[PDB]
$ cat data-v7.cif   # mmCIF, C-alpha atoms
data_structure
loop_
_atom_site.label_atom_id
_atom_site.label_comp_id
_atom_site.auth_asym_id
_atom_site.auth_seq_id
_atom_site.Cartn_x
_atom_site.Cartn_y
_atom_site.Cartn_z
CA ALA A 2 -271.76 179.52 -85.11
CA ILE A 3 -270.45 179.19 -81.55
CA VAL A 4 -273.10 179.15 -78.83
CA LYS A 5 -272.26 180.78 -75.50
CA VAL A 6 -272.72 178.76 -72.31
CA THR A 7 -272.75 179.88 -68.65
CA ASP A 8 -272.67 178.37 -65.15
CA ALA A 9 -276.47 178.46 -65.22
CA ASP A 10 -276.95 176.18 -68.22
CA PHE A 11 -273.66 174.33 -68.61
CA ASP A 12 -275.01 170.99 -67.36
CA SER A 13 -277.96 171.10 -69.76
CA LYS A 14 -275.92 172.08 -72.83
CA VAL A 15 -273.14 169.52 -72.24
CA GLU A 16 -275.15 166.38 -71.37
CA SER A 17 -275.42 165.77 -75.15
CA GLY A 18 -272.87 164.01 -77.34
CA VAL A 19 -269.46 165.42 -78.26
CA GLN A 20 -268.78 169.05 -77.44
CA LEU A 21 -265.75 171.30 -77.45
CA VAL A 22 -265.82 173.97 -74.76
CA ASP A 23 -263.66 177.05 -75.17
CA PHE A 24 -262.75 178.68 -71.83
CA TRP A 25 -261.77 182.23 -72.68
CA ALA A 26 -261.75 185.80 -71.41
CA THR A 27 -261.66 189.25 -73.01
CA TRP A 28 -258.17 190.01 -71.64
CA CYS A 29 -256.75 186.81 -73.18
CA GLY A 30 -254.53 187.49 -76.20
CA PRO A 31 -254.01 183.87 -77.39
CA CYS A 32 -257.78 183.37 -77.11
CA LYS A 33 -258.36 186.17 -79.61
CA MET A 34 -256.00 184.33 -81.95
CA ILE A 35 -257.78 180.95 -81.79
CA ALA A 36 -261.26 182.50 -82.03
CA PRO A 37 -261.38 182.51 -85.87
CA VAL A 38 -259.96 178.98 -85.95
CA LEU A 39 -262.85 177.73 -83.80
CA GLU A 40 -265.44 179.44 -85.99
CA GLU A 41 -264.07 177.54 -88.98
CA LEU A 42 -263.80 174.27 -87.04
CA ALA A 43 -267.43 174.70 -85.96
CA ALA A 44 -268.53 174.77 -89.60
CA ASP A 45 -266.43 171.71 -90.46
CA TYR A 46 -268.29 169.76 -87.79
CA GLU A 47 -271.87 171.01 -88.02
CA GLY A 48 -274.00 168.04 -87.01
CA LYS A 49 -270.97 166.20 -85.67
CA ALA A 50 -269.85 168.27 -82.67
CA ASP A 51 -270.95 171.40 -80.82
CA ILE A 52 -268.49 174.16 -80.01
CA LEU A 53 -269.33 176.25 -76.96
CA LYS A 54 -267.69 179.33 -75.47
CA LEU A 55 -267.52 180.05 -71.74
CA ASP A 56 -266.17 183.38 -70.48
CA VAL A 57 -264.21 182.43 -67.32
CA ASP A 58 -264.63 185.89 -65.74
CA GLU A 59 -268.43 185.78 -65.77
CA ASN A 60 -268.54 182.03 -65.00
CA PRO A 61 -265.84 181.17 -62.41
CA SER A 62 -267.76 178.19 -61.01
CA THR A 63 -267.54 176.07 -64.14
CA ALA A 64 -263.91 177.11 -64.63
CA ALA A 65 -263.12 176.05 -61.08
CA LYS A 66 -264.98 172.76 -61.42
CA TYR A 67 -262.86 171.61 -64.38
CA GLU A 68 -259.60 172.93 -62.99
CA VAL A 69 -259.16 175.54 -65.72
CA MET A 70 -256.05 177.39 -64.53
CA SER A 71 -254.61 178.93 -67.67
CA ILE A 72 -256.39 180.00 -70.85
CA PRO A 73 -256.98 179.37 -73.57
CA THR A 74 -258.05 175.91 -72.44
CA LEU A 75 -260.28 173.72 -74.56
CA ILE A 76 -261.99 170.67 -73.10
CA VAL A 77 -263.68 167.96 -75.14
CA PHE A 78 -266.84 166.63 -73.50
CA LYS A 79 -268.37 163.26 -74.38
CA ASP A 80 -271.90 162.68 -73.04
CA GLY A 81 -271.44 165.07 -70.15
CA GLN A 82 -267.94 163.84 -69.28
CA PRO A 83 -264.59 165.57 -69.99
CA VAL A 84 -262.45 163.22 -72.12
CA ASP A 85 -259.69 165.48 -73.46
CA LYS A 86 -257.94 168.79 -72.80
CA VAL A 87 -255.92 171.13 -75.03
CA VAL A 88 -254.03 174.18 -73.76
CA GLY A 89 -252.72 177.29 -75.52
CA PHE A 90 -253.00 178.28 -79.18
CA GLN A 91 -253.59 175.37 -81.57
CA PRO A 92 -253.90 175.10 -85.40
CA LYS A 93 -257.23 173.88 -86.84
CA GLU A 94 -255.53 170.62 -87.90
CA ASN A 95 -254.62 169.80 -84.30
CA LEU A 96 -258.09 170.56 -82.95
CA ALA A 97 -259.87 168.53 -85.62
CA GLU A 98 -257.65 165.58 -84.78
CA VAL A 99 -258.60 165.72 -81.10
CA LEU A 100 -262.29 165.73 -82.02
CA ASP A 101 -262.06 162.86 -84.52
CA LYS A 102 -260.45 160.82 -81.76
CA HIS A 103 -263.78 160.97 -79.90
CA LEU A 104 -266.37 160.83 -82.66
#
$ encode --input "data-v7.cif" --output "structure tokens"
Amino acid sequence: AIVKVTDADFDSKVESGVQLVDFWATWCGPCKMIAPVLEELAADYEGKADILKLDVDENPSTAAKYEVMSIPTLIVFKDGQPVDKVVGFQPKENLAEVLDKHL
């Protein structure tokens, strides 16, 4: 499952190991398309990486902090630090690759 994160608890949820953060919004069409792909990816990495979702409308601060201009945007965090960024729709194969590159 994908845990939701907000401006209030972002810093405590990300400090961990490797985490993929999905910056989305309800009005985002491409985000709706990648949603199911992330749910599957999450399962393929249980115990390896955490996948979080952050609604940019209700959490503008975190979106501003990491320069999230367009969505969908996915950022890979490694021990509290952003190490990679992926923009737009992406196939599960391409997302898994990006994660493996940091595990």
$ resolve_selection --input "data-v7.cif" --expression "the PyMOL selection byres ((chain A and resi 11) around 10)" --output "list in words"
residues 5, 6, 7, 8, 9, 10, 12, 13, 14, 15, 16, 22, 53, 55, 60, 63 and 81 of chain A
$ closest_residue --input "data-v7.cif" --among "A:91, A:27, A:20, A:62" --to "residue 43 of chain A" --atoms "all atoms listed in the file"
A:20
$ closest_residue --input "data-v7.cif" --among "A:24, A:32, A:3, A:101" --to "residue 68 of chain A" --atoms "all atoms listed in the file"
A:24
$ residues_around --input "data-v7.cif" --residues "residue 71 of chain A" --least-positions-apart "3" --cutoff "10 Å" --atoms "all atoms listed in the file" --output "short mmCIF file (atom, residue, chain, number, x, y, z; two decimals) with C-alpha atoms, keeping the file's coordinate frame"
data_model
loop_
_atom_site.label_atom_id
_atom_site.label_comp_id
_atom_site.auth_asym_id
_atom_site.auth_seq_id
_atom_site.Cartn_x
_atom_site.Cartn_y
_atom_site.Cartn_z
CA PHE A 24 -262.75 178.68 -71.83
CA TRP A 25 -261.77 182.23 -72.68
CA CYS A 29 -256.75 186.81 -73.18
CA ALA A 64 -263.91 177.11 -64.63
CA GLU A 68 -259.60 172.93 -62.99
CA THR A 74 -258.05 175.91 -72.44
CA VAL A 88 -254.03 174.18 -73.76
CA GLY A 89 -252.72 177.29 -75.52
#
$ closest_residue --input "data-v7.cif" --among "A:28, A:23, A:47, A:40" --to "residue 69 of chain A" --atoms "all atoms listed in the file"
A:23
$ residues_around --input "data-v7.cif" --residues "residue 86 of chain A" --least-positions-apart "3" --cutoff "10 Å" --atoms "all atoms listed in the file" --output "list in words"
residues 21, 22, 69, 74, 75, 76, 77, 78, 83 and 99 of chain A
$ write_last_selection --input "data-v7.cif" --atoms "C-alpha atoms" --output "mmCIF file, in the frame of the given file"
data_model
loop_
_atom_site.group_PDB
_atom_site.id
_atom_site.type_symbol
_atom_site.label_atom_id
_atom_site.label_comp_id
_atom_site.auth_asym_id
_atom_site.auth_seq_id
_atom_site.Cartn_x
_atom_site.Cartn_y
_atom_site.Cartn_z
ATOM 1 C CA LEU A 21 -265.750 171.300 -77.450
ATOM 2 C CA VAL A 22 -265.820 173.970 -74.760
ATOM 3 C CA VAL A 69 -259.160 175.540 -65.720
ATOM 4 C CA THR A 74 -258.050 175.910 -72.440
ATOM 5 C CA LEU A 75 -260.280 173.720 -74.560
ATOM 6 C CA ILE A 76 -261.990 170.670 -73.100
ATOM 7 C CA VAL A 77 -263.680 167.960 -75.140
ATOM 8 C CA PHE A 78 -266.840 166.630 -73.500
ATOM 9 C CA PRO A 83 -264.590 165.570 -69.990
ATOM 10 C CA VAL A 99 -258.600 165.720 -81.100
#
$ atom_distance --input "data-v7.cif" --atom1 "atom CA of residue 79 of chain A" --atom2 "atom CA of residue 104 of chain A"
8.9 Å
$ atom_distance --input "data-v7.cif" --atom1 "atom CA of residue 93 of chain A" --atom2 "atom CA of residue 39 of chain A"
7.5 Å
$ resolve_selection --input "data-v7.cif" --expression "the PyMOL selection byres ((chain A and resi 41) around 12)" --output "ChimeraX atom specification"
/A:2-3,35-40,42-47,52,92-94,96-97
$ write_last_selection --input "data-v7.cif" --atoms "C-alpha atoms" --output "PDB file, in the coordinates of the input"
ATOM      1  CA  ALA A   2    -271.760 179.520 -85.110  1.00  0.00           C
ATOM      2  CA  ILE A   3    -270.450 179.190 -81.550  1.00  0.00           C
ATOM      3  CA  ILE A  35    -257.780 180.950 -81.790  1.00  0.00           C
ATOM      4  CA  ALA A  36    -261.260 182.500 -82.030  1.00  0.00           C
ATOM      5  CA  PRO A  37    -261.380 182.510 -85.870  1.00  0.00           C
ATOM      6  CA  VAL A  38    -259.960 178.980 -85.950  1.00  0.00           C
ATOM      7  CA  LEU A  39    -262.850 177.730 -83.800  1.00  0.00           C
ATOM      8  CA  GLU A  40    -265.440 179.440 -85.990  1.00  0.00           C
ATOM      9  CA  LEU A  42    -263.800 174.270 -87.040  1.00  0.00           C
ATOM     10  CA  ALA A  43    -267.430 174.700 -85.960  1.00  0.00           C
ATOM     11  CA  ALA A  44    -268.530 174.770 -89.600  1.00  0.00           C
ATOM     12  CA  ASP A  45    -266.430 171.710 -90.460  1.00  0.00           C
ATOM     13  CA  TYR A  46    -268.290 169.760 -87.790  1.00  0.00           C
ATOM     14  CA  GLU A  47    -271.870 171.010 -88.020  1.00  0.00           C
ATOM     15  CA  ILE A  52    -268.490 174.160 -80.010  1.00  0.00           C
ATOM     16  CA  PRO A  92    -253.900 175.100 -85.400  1.00  0.00           C
ATOM     17  CA  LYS A  93    -257.230 173.880 -86.840  1.00  0.00           C
ATOM     18  CA  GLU A  94    -255.530 170.620 -87.900  1.00  0.00           C
ATOM     19  CA  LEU A  96    -258.090 170.560 -82.950  1.00  0.00           C
ATOM     20  CA  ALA A  97    -259.870 168.530 -85.620  1.00  0.00           C
TER      21      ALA A  97
END
$ closest_residue --input "data-v7.cif" --among "A:95, A:84, A:102, A:19" --to "residue 49 of chain A" --atoms "only C-alpha atoms"
A:19
$ atom_distance --input "data-v7.cif" --atom1 "atom CA of residue 31 of chain A" --atom2 "atom CA of residue 61 of chain A"
19.3 Å
$ closest_residue --input "data-v7.cif" --among "A:34, A:65, A:50, A:57" --to "residue 90 of chain A" --atoms "only C-alpha atoms"
A:34
$ closest_residue --input "data-v7.cif" --among "A:85, A:80, A:33, A:26" --to "residue 59 of chain A" --atoms "only C-alpha atoms"
A:26
